[PDB]
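Novice:
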Amino acid sequence: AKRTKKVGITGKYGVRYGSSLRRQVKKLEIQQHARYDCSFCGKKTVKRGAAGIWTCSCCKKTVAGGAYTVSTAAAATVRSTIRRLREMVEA
Amino acid sequence: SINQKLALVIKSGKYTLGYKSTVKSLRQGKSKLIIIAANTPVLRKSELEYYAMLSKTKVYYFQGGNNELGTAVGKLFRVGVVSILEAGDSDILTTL
Amino acid sequence: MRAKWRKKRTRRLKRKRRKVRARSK
Amino acid sequence: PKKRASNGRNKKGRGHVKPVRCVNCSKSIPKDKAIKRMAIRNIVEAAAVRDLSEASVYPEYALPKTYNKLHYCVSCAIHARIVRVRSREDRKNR
Amino acid sequence: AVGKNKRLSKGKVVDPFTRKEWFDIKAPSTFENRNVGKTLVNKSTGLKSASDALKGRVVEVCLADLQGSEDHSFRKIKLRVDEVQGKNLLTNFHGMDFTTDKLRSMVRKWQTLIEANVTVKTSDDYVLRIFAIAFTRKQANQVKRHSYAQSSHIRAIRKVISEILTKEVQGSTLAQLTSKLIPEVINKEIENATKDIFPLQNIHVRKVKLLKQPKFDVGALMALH
Amino acid sequence: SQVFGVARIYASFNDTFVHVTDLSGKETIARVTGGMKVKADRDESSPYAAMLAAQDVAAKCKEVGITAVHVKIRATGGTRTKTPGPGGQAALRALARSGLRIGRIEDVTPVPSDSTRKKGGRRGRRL
Amino acid sequence: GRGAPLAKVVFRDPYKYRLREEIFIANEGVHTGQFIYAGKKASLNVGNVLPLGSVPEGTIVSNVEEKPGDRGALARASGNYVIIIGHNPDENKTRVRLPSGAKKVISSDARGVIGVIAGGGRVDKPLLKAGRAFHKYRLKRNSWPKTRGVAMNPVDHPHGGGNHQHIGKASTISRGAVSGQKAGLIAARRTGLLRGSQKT
Amino acid sequence: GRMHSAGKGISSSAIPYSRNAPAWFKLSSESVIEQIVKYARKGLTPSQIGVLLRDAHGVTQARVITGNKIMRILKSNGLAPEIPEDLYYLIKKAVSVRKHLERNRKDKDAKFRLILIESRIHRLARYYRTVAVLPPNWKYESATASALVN
RNA sequence: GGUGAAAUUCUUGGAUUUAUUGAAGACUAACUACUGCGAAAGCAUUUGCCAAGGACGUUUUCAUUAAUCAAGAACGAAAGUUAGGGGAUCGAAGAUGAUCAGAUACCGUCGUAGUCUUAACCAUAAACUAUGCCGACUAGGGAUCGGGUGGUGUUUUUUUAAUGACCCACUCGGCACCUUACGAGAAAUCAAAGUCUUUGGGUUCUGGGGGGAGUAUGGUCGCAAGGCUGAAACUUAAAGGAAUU
Numbered sequence: 002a003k004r005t006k007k008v009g010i011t012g013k014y015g016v017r018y019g020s021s022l023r024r025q026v027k028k029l030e031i032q033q034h035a036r037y038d039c040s041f042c043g044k045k046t047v048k049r050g051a052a053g054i055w056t057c058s059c060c061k062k063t064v065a066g067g068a069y070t071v072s073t074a075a076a077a078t079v080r081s082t083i084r085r086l087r088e089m090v091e092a
Numbered sequence: 009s010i011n012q013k014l015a016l017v018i019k020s021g022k023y024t025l026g027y028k029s030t031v032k033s034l035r036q037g038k039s040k041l042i043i044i045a046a047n048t049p050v051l052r053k054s055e056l057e058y059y060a061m062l063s064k065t066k067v068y069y070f071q072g073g074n075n076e077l078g079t080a081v082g083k084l085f086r087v088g089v090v091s092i093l094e095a096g097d098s099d100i101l102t103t104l
Numbered sequence: 001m002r003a004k005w006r007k008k009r010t011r012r013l014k015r016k017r018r019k020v021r022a023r024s025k
Numbered sequence: 002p003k004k005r006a007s008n009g010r011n012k013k014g015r016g017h018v019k020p021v022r023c024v025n026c027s028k029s030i031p032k033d034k035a036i037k038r039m040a041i042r043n044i045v046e047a048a049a050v051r052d053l054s055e056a057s058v059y060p061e062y063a064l065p066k067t068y069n070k071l072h073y074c075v076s077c078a079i080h081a082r083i084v085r086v087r088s089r090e091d092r093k094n095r
Numbered sequence: 002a003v004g005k006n007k008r009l010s011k012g013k020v021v022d023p024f025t026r027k028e029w030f031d032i033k034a035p036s037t038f039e040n041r042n043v044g045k046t047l048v049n050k051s052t053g054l055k056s057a058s059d060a061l062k063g064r065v066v067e068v069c070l071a072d073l074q075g076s077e078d079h080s081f082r083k084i085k086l087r088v089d090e091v092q093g094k095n096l097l098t099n100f101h102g103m104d105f106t107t108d109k110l111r112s113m114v115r116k117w118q119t120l121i122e123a124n125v126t127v128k129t130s131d132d133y134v135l136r137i138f139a140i141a142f143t144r145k146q147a148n149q150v151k152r153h154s155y156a157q158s159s160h161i162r163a164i165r166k167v168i169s170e171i172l173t174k175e176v177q178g179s180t181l182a183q184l185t186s187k188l189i190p191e192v193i194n195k196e197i198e199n200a201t202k203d204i205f206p207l208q209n210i211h212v213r214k215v216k217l218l219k220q221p222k223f224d225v226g227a228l229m230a231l232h
Numbered sequence: 011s012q013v014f015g016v017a018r019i020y021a022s023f024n025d026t027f028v029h030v031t032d033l034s035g036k037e038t039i040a041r042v043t044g045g046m047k048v049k050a051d052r053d054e055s056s057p058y059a060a061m062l063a064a065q066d067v068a069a070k071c072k073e074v075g076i077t078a079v080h081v082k083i084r085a086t087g088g089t090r091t092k093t094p095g096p097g098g099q100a101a102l103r104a105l106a107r108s109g110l111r112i113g114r115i116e117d118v119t120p121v122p123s124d125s126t127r128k129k130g131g132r133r134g135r136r137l
Numbered sequence: 053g054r055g056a057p058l059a060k061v062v063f064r065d066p067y068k069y070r071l072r073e074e075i076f077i078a079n080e081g082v083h084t085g086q087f088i089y090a091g092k093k094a095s096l097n098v099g100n101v102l103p104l105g106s107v108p109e110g111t112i113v114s115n116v117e118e119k120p121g122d123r124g125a126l127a128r129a130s131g132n133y134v135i136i137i138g139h140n141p142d143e144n145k146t147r148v149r150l151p152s153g154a155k156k157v158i159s160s161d162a163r164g165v166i167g168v169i170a171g172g173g174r175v176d177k178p179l180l181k182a183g184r185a186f187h188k189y190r191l192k193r194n195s196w197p198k199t200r201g202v203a204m205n206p207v208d209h210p211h212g213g214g215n216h217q218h219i220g221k222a223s224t225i226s227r228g229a230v231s232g233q234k235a236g237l238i239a240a241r242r243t244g245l246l247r248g249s250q251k252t
Numbered sequence: 002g003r004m005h006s007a008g009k010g011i012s013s014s015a016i017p018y019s020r021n022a023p024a025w026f027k028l029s030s031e032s033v034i035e036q037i038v039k040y041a042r043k044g045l046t047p048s049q050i051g052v053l054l055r056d057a058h059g060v061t062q063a064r065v066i067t068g069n070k071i072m073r074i075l076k077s078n079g080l081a082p083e084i085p086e087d088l089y090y091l092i093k094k095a096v097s098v099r100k101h102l103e104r105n106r107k108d109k110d111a112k113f114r115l116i117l118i119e120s121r122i123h124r125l126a127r128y129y130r131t132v133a134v135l136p137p138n139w140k141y142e143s144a145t146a147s148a149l150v151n
């Protein structure tokens, strides 16, 4: 029904805590609360437990990641660089 | 590519999808080729390969996941293991 | 006398008058 | 009014070209806009070849040649007198 | 401008050539006329000695002196010292470069330039990178004055030289490759392997610069000397 | 039959440098340049300072016992001038004509492949 | 008390039939069921405990040990890493890039965990209300809420006193000063806004 | 022309004048229609049926032998596809671009070239709906576009 | 270290440089062209993956599904904004040294934001070919990019079978050039700015003297800087375009 046109998730904070502040909070929480999928099964049901904890209900294989993203961009490039470094080592 | 050959054998030849169908068809040994996704657990691939070796049937892996395989077989749902028992108008047994 | 100087004077005028209006409304 | 058929310098069907830097005044001039003059003068000055030859290892046969490209802005071009304003009748000469 | 210094020093005579000795340079047998020359090094003292500062040393000498022939003028070995043998020092081929002056004469307008590079290890564990030069030719009876390639044949030739240079390097150690690039026998076979795909001319290699080296292996050095 | 050295001429604007060097390159002989021979600060790049500096280098070269050197005249290089200084060939002729044999002339100035950027702004130096 | 999570990994005792409980801070991509490899001969994979003496250049390694037999000294925070920028074969040491941005050499026999610790970018959302800050600081120590020294009584703090709100003396405190007046900036090289580069 | 470009490149075909050609063809009309329906049961689309038949047999255009063009007879024997051959060709191309969009999200050209194919498949669907080929209440769905290719 | 000439500044702790490397960030020089792709902005290392696009050829299919665009949507130089990474050169501000009667500018040295990237905005320019798109016709010549055709054409091996490079002749799509003007234009000039008084192929948008003023106000997008729409009062008889002495 589109109750709130722009505040998005940050409707619980009411009319407080600023505008830009509430906007970064909005972006952080809609990254946080999105439903994710297990890289081992593919079902979009991975949820979040505590900080840095990504726990699913179907695959049942919790994988640690970022506090707000399963694998941040820094994690992705780190994984790629170890991939290539070991590939060079064992080449 | 591979996907068009699977589509062709789906429309022309018979097909079995899922766990129970493929393990049964392996048991009676009516299958010819089996398709297994990469995202599946390793024990899945190991036992499927063991059954295929017992039934001297060939094994082909695909570099993808479950939802990928469901899309590739031309179906709106998802599939993890695909086994064919009769090609018909296709020639996947000849090549690959 | 050059065009961007006309524009800069006009924009300065809009900023001062916008401050005036904000102080009033 | 318009002065040249190729308006700035042969920028036709392209729209944009990567600018370069002049070698005298360091002006950001487009690649095709900056005039390029070959510098094929020898590594030794004018004449005086035998002077080095008498103190040259081996029977000479070196004859090194230096090649360089010079990028000049329009303002430096007129100041260096390499390119000069031409008449309307002359202007259509390449 | 000797009359401009104001603060000569902030904290507040004998020359060092009397402590220098003439050290003759030796070259491997791959070049018949070794005869590189002599250099200068400080006296061998207990604090630093001469072999310590001489162990890492690179000397650039053109091939016209090492090979003798005048046709080897546009090539120069950057010989690197690696041992001292009692007033004579042994050198190994480390740096390869093509004359800077001849680059500017080699590159010409109204044609397309090639560029290829690889990273290939020899048989005796010497990883090397090879860069090759090549320019299009104005063949006989040709009237078009640009000698331009399609640039899709470019993708074929750079693949060809990259594969060929790798294959030629495979199966040869540092002694064998030094005896083949001087005669330029490879450049003859690039034309042989690229004659039917694109005419080409001026096959030359810019640099064969060395990157990594195996263990010292002093006994191999005496083999070359 | 004849010992060999390096000339390593650095000819640029406002100064020209000649550095007698050994084949290794680490040894340094006669580090004089074309700036100490003139007390005007404007004649450094002129041939007058180049010729006088070459004579001083030649005298030092004779003292050590070097009979021949290898020359590589270079400019400032990089993204500043990329052209040899006015006093380059003048210094080269002066030192060669003092009893020193020269051979294998080369240009060793550093040229970039469009690296970094040049000072002056987009409109450049406007005198 | 720790933003980063710890992975409970079990090892097999090679000398006696018992199973031990080791606690390892979780890196990226580590999941339950994954076999972790610890030793000097294991391959280059995320989470391994390979020593710094047998790793190539530029590897991203966390949980770096200062000395052998330390069991955790460097890179123990969420989102931090240590880069390798060279090893010395002889007198084996290793130059490393710690998160602070400084150069240090350590023994090559120091074990480290390959990868970056989980919970990266933890401080990227404000705390908003006082409740989040209170719940975060209640499980670590008792240093919240804090009181400004300028608005303090002169007896309870050197910065306090006076009818106005001003420090009075110089806020910068020399390193040679004794305990009692170390309030404000201690041995500050320079102050003001950090306009420019870090000069690392 | 060049609907979604600014070119004018011409590459077309020119049929011979003789509507009864080529006066050397000997196979009967019953024989040639057998070949087309034999190739039709293989699953080849009429575009591929034409090229194989033209470049292998002594028939270039089946209109001059049969009673109609090769598509028209396909209705008579009931081997036609559920959708026109055109709509299938771009919809399989459209989903290929969409599959590209899902993986990498920085190719602005792929998004722009995506606009071109949308400018096509509604225009062709509108004409097909007008001439009563597709169902009168047929729309194009981005999510269901994958199901269209079967 | 510099400039026409100077100065600030760095130099027994060795400035500048030579010889060996290491670290950091930026760019892809010479080849590089009245030369290529992209709708435009724009795109100038090697290799791999993905998809898309023009041109060529067709005796393959559909069948007029076609041209333009209110409103409405996507991309959009540089500069600017938010949160990070990064932070070597250059460098709005600024600190400075000259010169000038004055210089907070042109000239030299440091130097913040910025110039690089990530995720999100900003929707502007001399964004120009100052020339809207679609379709037909109209004086010629050569060169050049891609493609195709034919000529025991000349080469390129194991002269020869093919390839590849070219030559000759032709053709299509191009960036476009050179000489002329039946034609147009006020001319500068134009093969389109021609087929417009002998006025009509189809279609979208813009202007009615110059200032005021792209301003006031009202709406609307935007965190803001700013963008879109957009006057009136009043004033003047001259502004403006093309060539000439």
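Heads up: the sequence lines are chains r, e, p, Se, SQ, SZ, D and SY, in that order. First residue of the first sequence? That's 2 in PDB author numbering, and the numbers climb one at a time after it. First residue of the second sequence? That's 9 in PDB author numbering, and the numbers climb one at a time after it. First residue of the third sequence? That's 1 in PDB author numbering, and the numbers climb one at a time after it. First residue of the fourth sequence? That's 2 in PDB author numbering, and the numbers climb one at a time after it. Numbering-wise, the fifth sequence is residues 2 to 13, 20 to 232 according to PDB author numbering. First residue of the sixth sequence? That's 11 in PDB author numbering, and the numbers climb one at a time after it. First residue of the seventh sequence? That's 53 in PDB author numbering, and the numbers climb one at a time after it. First residue of the eighth sequence? That's 2 in PDB author numbering, and the numbers climb one at a time after it. Don't be surprised by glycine CBs; every beta carbon is placed ideally from N, CA and C.
Tell me whether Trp117/SQ is buried or exposed, calling it buried when 16 or more other Cβ atoms sit within 10 Å of its Cβ.
Specialist: By the neighbour-count rule (16 or more Cβ atoms within 10 Å), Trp117/SQ is not buried but exposed.
Novice: So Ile161/SQ contacts chain SZ; which residues on that side make the cut at Cβ distance below 7 Å?
Specialist: Chain SZ residues near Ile161/SQ: none, gap ~20 Å exceeds 7 Å.
Novice: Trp25/SY by DSSP, collapsed to three states: which one?
Specialist: If DSSP states are grouped into helix, strand and coil, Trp25/SY belongs with coil.
Novice: Taking C-alpha atoms, which residue in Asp53/SZ, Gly131/SZ, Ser56/SZ, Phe27/SZ lies nearest to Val42/SZ?
Specialist: If we check each option's Cα against that of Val42/SZ, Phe27/SZ comes out closest.
Novice: Do we get a CB-CB distance below 9 Å when we pair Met46/SZ with the residues of chain SQ?
Specialist: Chain SQ, which has a Cβ nearer than 9 Å to the Cβ of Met46/SZ, makes this yes.
Novice: Quick one: what's got a C-beta closer than 6 Å to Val87/e's C-beta in the same chain, skipping five residues either side?
Specialist: The answer, listed in chain order, is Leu25, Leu77, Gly78, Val81.
Novice: Report yes or no: do three or more beta-carbon pairs, one from the segment 158 to 169 of chain D and one from the segment 114 to 125 of chain D, lie closer than 8 Å?
Specialist: Touching, yes, given that three or more Cβ pairs across the two stretches are closer than 8 Å.
Novice: Run through DSSP, which three-state label would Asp89/SQ get?
Specialist: Strand, per DSSP.
Novice: Are the segment 174 to 189 of chain SQ and the segment 14 to 33 of chain SZ touching by the rule of at least three beta carbon pairs closer than 8 Å?
Specialist: Taking 8 Å as the limit for Cβ pairs, the verdict is that the segment 14 to 33 of chain SZ does not touch the segment 174 to 189 of chain SQ.
Novice: Short of 7 Å Cβ to Cβ, which residues in the segment 35 to 52 of chain SQ face chain SZ?
Specialist: The residues in question are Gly44, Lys45, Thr46, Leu47.
Novice: Per DSSP, which one or two residues make a beta bridge with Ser159/D?
Specialist: In the DSSP output, where bridge partners are listed per residue, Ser159/D has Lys145/D.
Novice: For chain D, find out if any of its Cβ atoms is closer than 9 Å to the Cβ of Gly67/r; answer yes or no.
Specialist: Yes, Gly67/r counts as interfacial toward chain D.
Novice: Could you give the residue range of the beta strand (DSSP E) that holds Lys82/SZ?
Specialist: Taken as a continuous stretch (DSSP letters only), the beta strand (DSSP E) holding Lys82/SZ covers 78 to 83.
Novice: Mapping DSSP to helix, strand and coil, what is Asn25/Se?
Specialist: Here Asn25/Se sits in coil by DSSP.
Novice: Alpha carbon to alpha carbon, how far is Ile164/SQ from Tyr89/SY? Give it in angstroms, no decimals.
Specialist: When rounded, the distance between both Cα atoms is 41 Å.
Novice: Helix, strand or coil for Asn115/D per DSSP?
Specialist: Coil.
Novice: Just verifying my parser: in three-state terms, what is the DSSP assignment at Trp5/p?
Specialist: Three-state result, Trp5/p: helix.
Novice: State the DSSP-derived secondary structure class of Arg82/SQ, mapped to helix, strand or coil.
Specialist: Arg82/SQ: strand per DSSP, three-state reduction.
Novice: Between the C-alpha atoms of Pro103/D and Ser10/SQ, what's the straight-line distance to the nearest angstrom?
Specialist: Roughly 50 Å between the two C-alpha positions.
Novice: In this structure, how does DSSP classify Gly167/D when only helix, strand and coil are distinguished?
Specialist: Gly167/D: coil per DSSP, three-state reduction.
Novice: On the DSSP letters alone, give me the boundaries of the alpha helix (DSSP H) that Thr185/SQ sits inside.
Specialist: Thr185/SQ -> alpha helix (DSSP H) spans 181 to 185.
Novice: For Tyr69/e, count the other beta carbons within 10 Å of its own beta carbon; 16 or more makes it buried, fewer makes it exposed. Which is it?
Specialist: Exposed, by the Cβ-count rule.
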